[PDB]
Amino acid sequence: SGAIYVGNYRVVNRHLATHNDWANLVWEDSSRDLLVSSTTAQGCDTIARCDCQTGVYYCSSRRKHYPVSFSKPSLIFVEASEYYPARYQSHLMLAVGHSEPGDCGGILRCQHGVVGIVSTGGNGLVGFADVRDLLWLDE
Ligand SMILES: COc1ccccc1CC(=O)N1CC[C@@H](CC(N)=O)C1
Ligand SMILES: [Zn+2]
């Protein structure tokens with residue numbers, strides 16, 4: 001679990017979005033595993049606007065942060081799960097690092113701010129949904 005809070009927006013994994021997120025829907029994209037909902041309170045986070053390929057992510061299954069080198073956002077095949085059929089997920093970045101299903105939502109950050117959230121993984125890999133291209137999150 002986990003979310004990004006920026007301005008009057010909450011960014012979460014689309015497969016973990018609550019009834020309240022869908023009732024306050026701003027934008028969602030199944031191909032990216034993202035959903036953005038509106039909030040009443042002002043958010044705590046800054047979004048990075050950069051081309052970094054190194055950063056640090058939070059791994060809830062270890063209660064720890066780990067440094068990572070990650071690929072540029074791209075279209076990557078993701079196996080069928082209980083939430084989606086087998087498909088190409090877009091704007092996805094992979095890295096070597098530990099992850100388990102419940103780690104989705106953990107934030108990846110570089111020196112400029114929030115880069116994205118954990119969305120996929122397996123066998124010593126961790127995949128992050130990029131948010132740096134969503135310029136409208138800051139107005
Ligand atoms: C962090 O996820 C891990 C890690 C290790 C093993 C398995 C998983 C779980 C995983 O890959 N998914 C469950 C939801 C589905 C969402 C999506 N982006 O398509 C993908
Ligand atoms: Zn950066």
# chains A, B, ... in the order shown; residues from 1 in each chain; ligands from 1

$ residues_near_ligand --ligand "ligand 2" --cutoff "10 Å" --atoms "only C-alpha atoms and all ligand atoms" --output "short mmCIF file (atom, residue, chain, number, x, y, z; two decimals) with N, CA and C atoms, in the first residue's frame"
data_model
loop_
_atom_site.label_atom_id
_atom_site.label_comp_id
_atom_site.auth_asym_id
_atom_site.auth_seq_id
_atom_site.Cartn_x
_atom_site.Cartn_y
_atom_site.Cartn_z
N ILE A 47 6.86 16.53 -6.93
CA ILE A 47 7.11 15.57 -8.01
C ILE A 47 8.42 15.96 -8.73
N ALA A 48 9.30 14.98 -8.97
CA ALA A 48 10.53 15.22 -9.71
C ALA A 48 10.20 15.51 -11.17
N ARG A 49 10.95 16.41 -11.81
CA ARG A 49 10.78 16.71 -13.26
C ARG A 49 12.22 16.60 -13.80
N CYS A 50 12.61 15.39 -14.18
CA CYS A 50 14.02 15.08 -14.48
C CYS A 50 14.13 13.77 -15.28
N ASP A 51 15.39 13.38 -15.62
CA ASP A 51 15.63 12.12 -16.29
C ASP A 51 16.50 11.20 -15.43
N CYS A 52 16.43 11.31 -14.07
CA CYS A 52 17.22 10.43 -13.20
C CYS A 52 16.92 8.98 -13.47
N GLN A 53 17.95 8.13 -13.37
CA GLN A 53 17.85 6.67 -13.45
C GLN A 53 18.40 6.00 -12.20
N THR A 54 18.65 6.78 -11.11
CA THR A 54 19.01 6.25 -9.80
C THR A 54 18.11 6.96 -8.75
N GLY A 55 17.82 6.23 -7.69
CA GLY A 55 16.98 6.76 -6.63
C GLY A 55 16.90 5.78 -5.49
N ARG A 109 12.04 7.82 -4.96
CA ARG A 109 12.42 9.23 -4.98
C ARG A 109 13.86 9.38 -5.46
N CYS A 110 14.13 10.49 -6.13
CA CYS A 110 15.51 10.87 -6.47
C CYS A 110 15.79 12.20 -5.72
N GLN A 111 16.94 12.85 -5.98
CA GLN A 111 17.24 14.12 -5.31
C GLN A 111 16.26 15.25 -5.69
N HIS A 112 15.47 15.09 -6.77
CA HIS A 112 14.52 16.15 -7.20
C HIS A 112 13.09 15.98 -6.69
N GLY A 113 12.79 14.82 -6.11
CA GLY A 113 11.44 14.58 -5.63
C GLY A 113 10.92 13.19 -5.95
N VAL A 114 9.61 13.04 -5.91
CA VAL A 114 8.96 11.76 -6.17
C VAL A 114 9.03 11.42 -7.66
N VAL A 115 9.50 10.18 -7.95
CA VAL A 115 9.63 9.67 -9.31
C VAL A 115 8.44 8.79 -9.70
N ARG A 132 6.53 11.27 -13.44
CA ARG A 132 7.20 12.52 -13.79
C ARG A 132 6.66 13.22 -15.01
#

$ closest_atom_pairs --of "chain A" --to "ligand 1" --cutoff "8 Å" --atoms "only C-alpha atoms and all ligand atoms" --output "Markdown table"
| residue | atom | partner | partner_atom_place_in_ligand_line | distance |
| --- | --- | --- | --- | --- |
| A:13 | CA | ligand 1 | 18 (N) | 7.8 |
| A:15 | CA | ligand 1 | 16 (C) | 6.4 |
| A:32 | CA | ligand 1 | 18 (N) | 7.3 |
| A:33 | CA | ligand 1 | 18 (N) | 5.3 |
| A:78 | CA | ligand 1 | 19 (O) | 6.0 |
| A:79 | CA | ligand 1 | 19 (O) | 7.4 |
| A:80 | CA | ligand 1 | 19 (O) | 7.4 |
| A:81 | CA | ligand 1 | 15 (C) | 5.7 |
| A:82 | CA | ligand 1 | 14 (C) | 7.4 |
| A:83 | CA | ligand 1 | 14 (C) | 6.3 |
| A:84 | CA | ligand 1 | 19 (O) | 6.0 |
| A:89 | CA | ligand 1 | 19 (O) | 7.0 |
| A:98 | CA | ligand 1 | 5 (C) | 7.7 |
| A:99 | CA | ligand 1 | 4 (C) | 4.5 |
| A:100 | CA | ligand 1 | 4 (C) | 3.6 |
| A:101 | CA | ligand 1 | 2 (O) | 3.7 |
| A:102 | CA | ligand 1 | 1 (C) | 6.4 |
| A:103 | CA | ligand 1 | 1 (C) | 5.1 |
| A:104 | CA | ligand 1 | 1 (C) | 5.0 |
| A:118 | CA | ligand 1 | 1 (C) | 6.1 |
| A:119 | CA | ligand 1 | 18 (N) | 4.6 |
| A:120 | CA | ligand 1 | 11 (O) | 3.6 |
| A:121 | CA | ligand 1 | 4 (C) | 3.5 |
| A:122 | CA | ligand 1 | 5 (C) | 3.6 |
| A:123 | CA | ligand 1 | 5 (C) | 6.7 |
| A:124 | CA | ligand 1 | 5 (C) | 7.9 |
| A:125 | CA | ligand 1 | 5 (C) | 7.3 |
| A:126 | CA | ligand 1 | 1 (C) | 6.3 |
| A:127 | CA | ligand 1 | 1 (C) | 7.0 |
| A:129 | CA | ligand 1 | 18 (N) | 7.9 |

$ closest_residue --among "A:35, A:107, A:6, A:135" --to "residue 64 (chain A)" --atoms "only C-alpha atoms"
A:107

$ closest_residue --among "A:3, A:68, A:23, A:12" --to "residue 97 (chain A)" --atoms "only C-alpha atoms"
A:68

$ select_by_dssp --residues "chain A" --states "strand (DSSP E)" --output "PDB file with C-alpha atoms, in the first residue's frame"
ATOM      1  CA  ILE A   4       1.519  10.248  -3.293  1.00  0.00           C
ATOM      2  CA  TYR A   5      -0.203  13.406  -1.963  1.00  0.00           C
ATOM      3  CA  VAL A   6       0.543  16.503  -4.152  1.00  0.00           C
ATOM      4  CA  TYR A   9      -4.474  15.154  -5.651  1.00  0.00           C
ATOM      5  CA  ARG A  10      -3.847  11.590  -4.317  1.00  0.00           C
ATOM      6  CA  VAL A  11      -1.983   9.195  -6.678  1.00  0.00           C
ATOM      7  CA  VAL A  12      -2.430   5.463  -5.995  1.00  0.00           C
ATOM      8  CA  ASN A  13      -2.044   2.124  -7.851  1.00  0.00           C
ATOM      9  CA  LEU A  25     -11.908  10.341  -9.753  1.00  0.00           C
ATOM     10  CA  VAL A  26      -9.720  12.832 -11.674  1.00  0.00           C
ATOM     11  CA  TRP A  27      -7.950  10.444 -14.079  1.00  0.00           C
ATOM     12  CA  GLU A  28      -7.124   6.742 -14.409  1.00  0.00           C
ATOM     13  CA  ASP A  29      -5.161   4.575 -16.869  1.00  0.00           C
ATOM     14  CA  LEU A  34      -2.427   4.526 -12.054  1.00  0.00           C
ATOM     15  CA  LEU A  35      -5.404   6.390 -10.628  1.00  0.00           C
ATOM     16  CA  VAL A  36      -5.563   9.973  -9.356  1.00  0.00           C
ATOM     17  CA  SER A  37      -8.362  11.213  -7.052  1.00  0.00           C
ATOM     18  CA  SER A  38      -9.158  14.668  -5.599  1.00  0.00           C
ATOM     19  CA  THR A  54      19.009   6.249  -9.795  1.00  0.00           C
ATOM     20  CA  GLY A  55      16.981   6.764  -6.631  1.00  0.00           C
ATOM     21  CA  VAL A  56      15.752   5.197  -3.391  1.00  0.00           C
ATOM     22  CA  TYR A  57      12.482   3.258  -2.847  1.00  0.00           C
ATOM     23  CA  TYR A  58      10.570   2.227   0.255  1.00  0.00           C
ATOM     24  CA  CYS A  59      10.053  -1.572   0.605  1.00  0.00           C
ATOM     25  CA  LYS A  64      13.550  -0.451   4.714  1.00  0.00           C
ATOM     26  CA  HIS A  65      14.621   1.862   1.923  1.00  0.00           C
ATOM     27  CA  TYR A  66      16.931   0.550  -0.829  1.00  0.00           C
ATOM     28  CA  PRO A  67      18.976   2.392  -3.494  1.00  0.00           C
ATOM     29  CA  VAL A  68      18.228   1.370  -7.145  1.00  0.00           C
ATOM     30  CA  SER A  69      19.363   1.860 -10.734  1.00  0.00           C
ATOM     31  CA  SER A  74       8.835   1.931 -21.273  1.00  0.00           C
ATOM     32  CA  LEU A  75       6.182  -0.620 -22.505  1.00  0.00           C
ATOM     33  CA  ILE A  76       6.832  -3.913 -20.623  1.00  0.00           C
ATOM     34  CA  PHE A  77       4.895  -7.197 -20.755  1.00  0.00           C
ATOM     35  CA  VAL A  78       3.244  -7.992 -17.395  1.00  0.00           C
ATOM     36  CA  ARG A  87      -0.888  -7.074 -21.130  1.00  0.00           C
ATOM     37  CA  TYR A  88       1.775  -4.443 -21.905  1.00  0.00           C
ATOM     38  CA  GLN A  89       2.038  -1.957 -19.041  1.00  0.00           C
ATOM     39  CA  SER A  90       3.233   1.488 -20.254  1.00  0.00           C
ATOM     40  CA  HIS A  91       5.478   4.085 -18.435  1.00  0.00           C
ATOM     41  CA  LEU A  92       7.033   1.252 -16.348  1.00  0.00           C
ATOM     42  CA  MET A  93      10.626   1.303 -15.018  1.00  0.00           C
ATOM     43  CA  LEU A  94      12.403  -1.869 -13.795  1.00  0.00           C
ATOM     44  CA  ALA A  95      15.193  -2.291 -11.284  1.00  0.00           C
ATOM     45  CA  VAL A  96      16.926  -5.066  -9.356  1.00  0.00           C
ATOM     46  CA  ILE A 107       7.484   5.607  -3.250  1.00  0.00           C
ATOM     47  CA  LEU A 108      10.613   5.837  -5.455  1.00  0.00           C
ATOM     48  CA  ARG A 109      12.423   9.225  -4.982  1.00  0.00           C
ATOM     49  CA  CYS A 110      15.511  10.872  -6.470  1.00  0.00           C
ATOM     50  CA  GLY A 113      11.436  14.585  -5.629  1.00  0.00           C
ATOM     51  CA  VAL A 114       8.959  11.755  -6.169  1.00  0.00           C
ATOM     52  CA  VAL A 115       9.631   9.670  -9.311  1.00  0.00           C
ATOM     53  CA  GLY A 116       6.931   6.990  -9.073  1.00  0.00           C
ATOM     54  CA  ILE A 117       5.377   4.132  -7.096  1.00  0.00           C
ATOM     55  CA  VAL A 118       5.983   0.356  -6.893  1.00  0.00           C
ATOM     56  CA  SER A 119       3.545  -1.384  -9.292  1.00  0.00           C
ATOM     57  CA  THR A 120       5.053  -4.798 -10.330  1.00  0.00           C
ATOM     58  CA  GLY A 121       7.922  -7.161  -9.358  1.00  0.00           C
ATOM     59  CA  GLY A 122       9.219 -10.678  -8.995  1.00  0.00           C
ATOM     60  CA  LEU A 125      13.026  -7.361  -9.610  1.00  0.00           C
ATOM     61  CA  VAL A 126      10.900  -4.331  -8.727  1.00  0.00           C
ATOM     62  CA  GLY A 127       8.872  -2.265 -11.203  1.00  0.00           C
ATOM     63  CA  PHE A 128       7.756   1.377 -10.728  1.00  0.00           C
ATOM     64  CA  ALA A 129       4.929   3.297 -12.437  1.00  0.00           C
ATOM     65  CA  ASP A 130       6.448   6.662 -13.494  1.00  0.00           C
TER      66      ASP A 130
END

$ select_by_dssp --residues "chain A" --states "alpha helix (DSSP H)" --output "mmCIF file with N, CA, C and O atoms, in the first residue's frame"
data_model
loop_
_atom_site.group_PDB
_atom_site.id
_atom_site.type_symbol
_atom_site.label_atom_id
_atom_site.label_comp_id
_atom_site.auth_asym_id
_atom_site.auth_seq_id
_atom_site.Cartn_x
_atom_site.Cartn_y
_atom_site.Cartn_z
ATOM 1 N N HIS A 19 -13.184 2.737 -2.838
ATOM 2 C CA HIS A 19 -14.470 3.276 -3.312
ATOM 3 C C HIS A 19 -14.415 4.823 -3.314
ATOM 4 O O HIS A 19 -14.907 5.450 -4.256
ATOM 5 N N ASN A 20 -13.799 5.424 -2.274
ATOM 6 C CA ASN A 20 -13.662 6.871 -2.200
ATOM 7 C C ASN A 20 -12.807 7.438 -3.317
ATOM 8 O O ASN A 20 -13.114 8.513 -3.850
ATOM 9 N N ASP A 21 -11.702 6.745 -3.691
ATOM 10 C CA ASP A 21 -10.892 7.216 -4.818
ATOM 11 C C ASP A 21 -11.730 7.284 -6.103
ATOM 12 O O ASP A 21 -11.665 8.274 -6.836
ATOM 13 N N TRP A 22 -12.516 6.226 -6.379
ATOM 14 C CA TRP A 22 -13.339 6.191 -7.595
ATOM 15 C C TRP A 22 -14.490 7.224 -7.557
ATOM 16 O O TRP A 22 -14.846 7.801 -8.592
ATOM 17 N N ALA A 23 -15.012 7.525 -6.366
ATOM 18 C CA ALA A 23 -16.062 8.557 -6.226
ATOM 19 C C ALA A 23 -15.508 9.991 -6.421
ATOM 20 O O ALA A 23 -16.269 10.928 -6.701
#

$ closest_residue --among "A:71, A:31, A:42, A:61" --to "residue 86 (chain A)" --atoms "only C-alpha atoms"
A:31

$ closest_residue --among "A:138, A:85, A:45, A:60" --to "residue 2 (chain A)" --atoms "only C-alpha atoms"
A:60
